[PDB]
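Protein chains in written order, with the authors' numbering: chain J, 186 to 240; chain j, 50 to 97.
Notes for the one structure printed next.
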Amino acid sequence: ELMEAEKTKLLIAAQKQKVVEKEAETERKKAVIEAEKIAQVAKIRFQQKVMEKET
Amino acid sequence: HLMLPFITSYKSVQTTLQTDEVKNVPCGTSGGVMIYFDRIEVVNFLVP
């Protein structure tokens with residue numbers, strides 16, 4: 186019976202693979218969005234810095 | 050139909066389609082696990 190459980194735990198793994206892939210892709214997308222947010226905030230801050238140096 | 054009074058016994062065998070089943074049939078798979086078919090029905094008929 187254990188041998189037959191292994192034959193099925195292989196099928197569960199083949200789907201957990203897709204689930205973890207999707208979760209990792211979601212984390213990647215969130216990290217990329219955060220990086221873009223950081224970039225845009227930096228752009229605004231550096232325009233501010235240029236104005237500071239002019240003043 | 051008519052037969053002899055007491056020294057002849059008749060029984061009617063069906064010659065049309067009929068069905069009958071067997072329950073809880075074991076089945077041992079190549080993996081060594083046993084699975085039990087709840088019901089297996091056979092439908093058969095006998096020419097006249």
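For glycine and all other residues, C-beta sits at the position ideal for the given N, C-alpha and C.
Put simply, the CB of residue 80 of chain j is near chain J, with a gap under 8 Å to one of its CB atoms. Residue pairing by DSSP places residue 77 of chain j opposite j/83 in a beta bridge.
The straight-line gap separating the alpha-carbon atoms of residue 219 of chain J and residue 190 of chain J is approximately 43 Å. Between residue 74 of chain j and residue 85 of chain j the beta-carbon gap is near 7 Å, inside 8 Å, which marks them as a contact.
Inclusion of residue 92 of chain j and residue 68 of chain j in the CB contact set at 8 Å is warranted, their separation being smaller than that value.
A distance of 8 Å or more separates the beta carbons of residue 51 of chain j and residue 94 of chain j.
In this structure, the straight-line span from the alpha carbon of residue 89 of chain j to that of residue 199 of chain J is close to 34 Å.
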